[PDB]
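When the chains are written out, they are named A, B, C and D in that same order, and each has its own residue count from 1.
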Amino acid sequence: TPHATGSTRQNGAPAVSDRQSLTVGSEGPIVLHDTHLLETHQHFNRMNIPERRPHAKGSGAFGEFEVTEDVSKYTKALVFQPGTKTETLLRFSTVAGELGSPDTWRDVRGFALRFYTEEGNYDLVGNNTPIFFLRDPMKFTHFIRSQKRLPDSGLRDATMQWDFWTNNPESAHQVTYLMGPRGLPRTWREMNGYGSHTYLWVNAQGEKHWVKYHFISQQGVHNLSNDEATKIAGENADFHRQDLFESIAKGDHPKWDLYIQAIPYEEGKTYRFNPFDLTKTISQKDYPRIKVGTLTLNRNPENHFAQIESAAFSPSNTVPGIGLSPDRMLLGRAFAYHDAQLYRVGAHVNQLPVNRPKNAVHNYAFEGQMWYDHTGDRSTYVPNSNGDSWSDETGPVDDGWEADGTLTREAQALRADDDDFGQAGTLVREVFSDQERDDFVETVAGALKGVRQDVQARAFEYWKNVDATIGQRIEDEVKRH
Amino acid sequence: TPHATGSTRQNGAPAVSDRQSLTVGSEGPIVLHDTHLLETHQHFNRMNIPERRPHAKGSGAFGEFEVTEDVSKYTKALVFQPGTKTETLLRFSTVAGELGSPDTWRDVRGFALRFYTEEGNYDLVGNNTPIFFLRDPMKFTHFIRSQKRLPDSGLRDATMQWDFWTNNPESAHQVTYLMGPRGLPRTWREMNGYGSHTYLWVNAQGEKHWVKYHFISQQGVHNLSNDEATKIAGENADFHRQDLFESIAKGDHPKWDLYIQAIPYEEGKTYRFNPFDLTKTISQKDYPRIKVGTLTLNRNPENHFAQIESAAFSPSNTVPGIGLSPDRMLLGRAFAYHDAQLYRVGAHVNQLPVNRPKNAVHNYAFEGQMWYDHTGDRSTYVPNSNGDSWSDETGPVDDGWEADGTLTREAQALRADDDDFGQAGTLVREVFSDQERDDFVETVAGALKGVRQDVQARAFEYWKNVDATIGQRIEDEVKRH
Amino acid sequence: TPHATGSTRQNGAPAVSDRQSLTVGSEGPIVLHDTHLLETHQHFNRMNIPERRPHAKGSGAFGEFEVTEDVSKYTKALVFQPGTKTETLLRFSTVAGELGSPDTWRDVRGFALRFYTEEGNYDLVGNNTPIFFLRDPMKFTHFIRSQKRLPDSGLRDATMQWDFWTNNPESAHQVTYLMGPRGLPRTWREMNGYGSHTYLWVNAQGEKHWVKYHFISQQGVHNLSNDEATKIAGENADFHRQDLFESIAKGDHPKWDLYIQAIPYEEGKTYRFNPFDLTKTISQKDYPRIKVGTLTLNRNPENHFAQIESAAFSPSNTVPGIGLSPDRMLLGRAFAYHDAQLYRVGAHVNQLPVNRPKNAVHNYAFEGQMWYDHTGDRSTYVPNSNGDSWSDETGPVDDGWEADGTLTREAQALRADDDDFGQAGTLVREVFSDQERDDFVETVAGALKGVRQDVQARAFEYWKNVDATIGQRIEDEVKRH
Amino acid sequence: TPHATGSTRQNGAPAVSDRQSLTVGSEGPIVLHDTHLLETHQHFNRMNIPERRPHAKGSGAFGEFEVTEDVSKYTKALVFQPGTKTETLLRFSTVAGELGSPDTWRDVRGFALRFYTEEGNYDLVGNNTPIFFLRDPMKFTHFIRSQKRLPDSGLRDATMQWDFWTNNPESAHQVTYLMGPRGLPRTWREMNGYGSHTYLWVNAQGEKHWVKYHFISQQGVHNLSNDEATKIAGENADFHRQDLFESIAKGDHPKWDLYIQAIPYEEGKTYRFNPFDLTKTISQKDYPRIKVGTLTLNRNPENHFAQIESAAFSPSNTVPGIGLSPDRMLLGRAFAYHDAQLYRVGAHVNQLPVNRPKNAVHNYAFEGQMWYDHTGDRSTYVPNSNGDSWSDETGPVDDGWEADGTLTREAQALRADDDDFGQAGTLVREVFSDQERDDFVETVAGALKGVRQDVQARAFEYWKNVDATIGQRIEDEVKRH
């Protein structure tokens, strides 16, 4: 245009200057009607949004999922039908640290995967562990607070962390996994991902299986030592973010193979470990892995904030053929994510490009702040006599199950082999090597250093419950100093 | 898709039912993981946004502006060059009432006009009056609060309104206009619009004129009586909204002619009324109207909320060739609108379709909640060595003026004919007819009924200052009851 | 202080002027560092908060509840033990109109009552009707949207309202009540309040009764005609608000008597009308009213916004001895209110004085915006070893019940006398008088005027289902015009 | 109370369990009406607020300021009158990193000090440097973005930082200070604080001086090496936060002495360095330091979030006797802080206990979200006839100055010794030691490693402009690798 200057204000008119304010002479005050200054500063002041809680610190990439086996006998979901290729988005993260925190702290890592399927966005929001610390969502707020900062000093605190874990012994399986080698992945490319929960798969005939998801890295599982991780935390707080971005940019596209475990509907009720208990794995002897397909990440974001920070994943984002399960943790998650995203991003978070599905949305939601894609004169109510369609399926849902009882607050009933310490003990005695046990003792003793004496004594009892020998070695190492 | 049901959730998957919740059997409780119920209720709960303050209650339409005369000697603005046609949006409103308040209350009406020009959105945010009640923005918050509700009872209150007006005698010109016939327009189609403020026009050679805008209705000015307006308020609270929507729908497209008054830069400093005082008109004897063009409204909104409620107008939205003026009220407005819109709508209010310009925006603003149109890897700083342009014009701005003095808080200096009551007195004695004066006395006496005695006595003095005779008639009518 | 000026800025320093802005000389521009101007305008721009949806328009008063009978055999709740006196807050409202809408429109009225009890705030959030239009919360968003504005024009629309009601015939009982005399209360003092839902009462021995609440006005039930209500809507949009405020100010304190109906736990499952269906009343022949006590309103708010607009009521605010019931509508409400209030007011809405309980709050919630009353160094997790207490009751809850079934979306099962039109027909034929039936025909025919022909035909069928004779009279009146 | 359980919900009623959710039998789904679960999760999801931008990462303490000298000849401010003792709050921070970022990165440190004075909160919001990188606020948004993350990868980037600095050569003085020893303080206790800007002091007779503030640590200035800082960043990201909290807890109370430089009003216009240019120091030869008093920090926060994270400091928080100056940067800050705080914390941020003044606030601001301390029935407008006071001082303000010119966007005029590189050159050649110059060369060469070649070449030219020798050594070190 004839009056252009190189940039505009928000109304599209020339900005005049991005470098100097509007003043009364060169020595005078800034005037109130420097609207370019006001607009740019007001926007700057509103750039930051609340960080996620948990999983604030993370990054990710786009890719593709390709089905390479036939699992139509287990699910009718379009995404998993033979040959299907689907675009994906994967965000990796740590659990406890804030936006600016080092990537190489000892922590659980998130593995949040979206499939842009032809029947909607399917989100599989997993971790780099098959289990979690808890089995009821009422405890989750407590757990995450115990992993963050003391209320007075603003410092993370080992006493608080161990006080919570030792008073919640359901934590023992995941704490063992976390304190083992896998607590410190070398890169996100060299860790596995897991759904952790049991999900329901429903086939075209209406038959149900309980499934676990396992994403096995084709780059192998590789871990850092405590010393190596500390050093990297000081040298490069964004070590994992950079590693992923630079690997993809140079064409070194990471891959994972997806396998499921499939338990028949009726055997879910009788298996010796509760499949609806998030602190339990399903033995690969009883239920071996079945191959589904391969995930590849092959495209970096163009804008990290718009495509990764503003991405909103939810386990509630199921597609036909895939349902939730009786797992209390999973049912808590069905509520919590969308709720957080309305505050963190806004009411219309799911209209942002990264969160939009590929298929047509026809949803009964109107108005609200920042409504970019309005529904014109579509009817706002159902049934209507205006030809604007609605859903009205009645009766049992395809992805459901049964329940019976009185309203209660209590622990899940124990199956034959259920307890708090058994699987942890197997991991320590049978899965770890001798050298991994030595490292484990050092890791756990390091973590208990400076823990208040009463809590430290409870931690020794906890580790002896996991394994009498490991527990004694940890106590001896702590007392040796 | 094969599993469709008639509508979707927000992730695009089938909703299953828009009519029944997910329960444990037909008689059981609703389950927490009824995510369709949660999403639709959470969205419903976030549909309402803060109403505008002031001007909450309003509606509008799209149209066109066509230049039919040559005013290139006064401005280089593209919108006003010979022959130019521009799409427009016009929102009409009342000042004091809330979202659900009757259209036919006695009030100032807003006349908010946007031109989608080739060099950006130009907003002329006017009223149905050429003047306003005040001449310094510090008093505006006080004024609007006095026009709303008492803090204890939540009732509008005549005592509060007259207490403010009589203690702020600058109000007299606009209060006279408001209490006259034009306080009650029959329809928005039958009222005039005015910029009210003086604006600066700059031509291609850099010469400046001070201008006033006058939009003269081609449907004439027609008004209701007090009794007629009261009756309509009870029968149809949305009388004006409906009138406009139904007039356009049946092809009865309303029109206004735009005229300006143009005062040479140097005569602005010497004119006998202060052109930078928003309580003053410029006499049509001294500065006659010059025709510019014609505004037509010819298209109803498709979605009232997205296109009218979410529209964000600002006097700060100037285009090259048009600037603000020394008027303190106008300079206050340059800050206030954008600020309100960041809270009312959101940081990215100007990315909503109705607020987007027609030309390319290249603005240094990134991130924030609800960022729909991201800037990819564009540089976030200036100067940069990446070929992402910026503005850096130095020296006096084209749409500026001079100032000199010490930092002060005080009234504007009086010109030869400036005072608080003169122009009001002219309106009453010379512009109104005899019958309009009779109606005026009745209107003002009605408004003063039940005003607390000390404030009512100050109101009699105020009206006698406007005109000794009108004031005595008002006092006599009030005392007669 | 020695430098005082009459008012302060937000930091407590002298404001200097509430009336003039800071300028470069008397004729110069406003400077950016007029911080008093900025602060007052930025606050002004953030004064408005989202209106409630529904029930935007309302007002209320404080009072007292006094138990005058013995109902300890039905509940252990402290509020209802013999002799107990409790402070109360009552907010009245209409359902569909916005903040500025006339009080005297035909509508359901809200009757929202809080008791500040010694074991927490007990909220009984009722209406001026014992029933509602719907029995599943999934339909509530649809219903409220159908009662508001068309998406294109922003007008309320009779076709939309009747299209929703006739396609949802469960609506017939409440629509009959609404179109009858009680749709237009003369004052809030002259209407009854009802809980509408069945609630659970639990006594000290753990025995359960299902209860309905009935608040019978001691001023009687008095109603306006259509013509009278229209006239008042034009003359005084705040007629009910003013009536209540002025009645209390002059010592005319309104009173209601509270009665319950009490159904034994086991008879709830077998009664011939479903007590868990919000469209049904419980016959006073089967279950007569039992007197509890008297509510009096005797104190106006000191600040309407802080004490009434910012009040946050929720059916989830139960106290020991009182629980929710299997009613799907009530269980939907347990989620929805708190969710809306977090957006409308803020995360810490329940720390505002009006929403705070009288007893000590010891809640596991920390941080968030606007945290006025912080918890110092209290532990943020449970169990802790720091002596900060927590709750851990296990097993069946005292205020619970049983369920069994598969996850389904379907209508509640019908009891012996359940249907959509029976109770409506009783209200029309047996409860109304002859003159009330004549008025009813006129009201309903008036409401159907200008309803689109296909929807109007469905409305005639609907009214004939209610009562063959009333339906024919309505059709004949509509066709007569 | 008789039904207590150990904790409450938000309404004060017993929570029943903080550890288990409400389910249909022990194996069943969670019910929607688990309101304790919903409330605790909804609050958890709203705990995080937007981090500050800049200065996200910080901590602080309470203390006292004691005047020990007589400066009444320079100011009438109550806080600085002989003998006066005032409570203080001090927040320390880094500029560029996010909430979780290591304390021991090379950066400017903030020194934000509040005095709770008897005439309002006085905020002196300083840095650990007397200068800044820029002299016009229009460039500040650009600068801070260049110090944060690349838009595509989310990585901090040396090229972006040096591209901005070398294209903005006004940056040279502060960049030299930053790349010197003081870029890495050992603890916050061992750094100085400075106002950086010139402020105006006005005495009881109305005489003005331009002042600079200098807070000289009584613990001395001590710094880390690059290697030491890197190591600590990996071992303890919260090293400075912990150091301060633990020093105060053990009674090792840090102290600073406050000195001012005082330039007579008229000499401000003629001094050879522009005192209104934030990139310039005032020579201690021309204007020696004058002692005022001593700051001590002696009390840790009880709640870090409520007292430190939610603290809202602003340079606009002046008190009588202290004003802003012509410095464009300072005038930009007068707007920006309050604006950011309305979004970050909320409209009523200044009612939170930490932000409240000690004296009585009488401010014309009403309503808004989260209004804890309402104004009852106080008048909402001025003048009023209700005895609610207001300010109306007219004429020149006590803390003002003069201006004259046309509206312009351009660089400040140069004084006799003003340029971009002179003071930087003095710091390098005269203030640093030989060993500090060696470390400087290593620091700057390290920072330029991997900077894109075109930008690196501009950086060599920039450092040669600072000092021909230092610049050549830096170039040689970079090329040596």
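In this section, contacts are C-beta pairs under 8 Å (C-beta built on N, C-alpha and C of every residue); 3 or more make two chains touch, one makes a residue touch a chain.
Remark: chain B and chain C have CA centroids separated by 35 Å (rounded to whole angstrom). Distance from the chain B centre to the chain D centre is 39 Å, each centre being the mean of its Cα atoms. The mean-CA centres of chain A and chain B are about 47 angstrom from one another, to the nearest whole unit.
Shared interface positions of chain B, i.e. residues touching 2 or more other chains, are given as 16-20, 22, 24, 28-33, 37-38, 40, 42, 44, 46-49, 139, 141-142, 150-152, 302-303, 305, 331-332, 335, 339, 342-343, 364, 366, 375-377, 382, 393-394, 397, 403-411.
Taken as a graph of touching chains, this assembly is fully connected, with contact between every pair of chains. Chain pairs that touch one another, listed by label: A-B, A-C, A-D, B-C, B-D, C-D. Against chain A, in their complex, chain C makes its touches with residues 24, 28-34, 37, 139, 141-143, 145-146, 148, 150-152, 160, 163-164, 167-168, 339, 342-343, 364, 366, 375-378, 380-386, 393-397, 400-411, 452, 454-455. Within the complex formed with chain D, the chain A residues making contact are 16-31, 36-38, 40-42, 44-53, 56-57, 59, 97-102, 136-142, 144, 149-156, 230-235, 237-238, 241-242, 245, 276, 300-305, 308, 326, 328, 331-332, 335-336, 339-340, 343-344, 403-413. Chain B contributes residues 1-3, 5-20, 22, 24, 28-29, 31-33, 35, 38-40, 42-44, 46-49, 76, 78, 118-123, 302-303, 305-307, 309-310, 314, 316-321, 324, 331-332, 334-335, 338-339, 342, 345-353, 357-372, 374-377, 382, 389-394, 397, 403, 407 to its touches with chain A in the complex.
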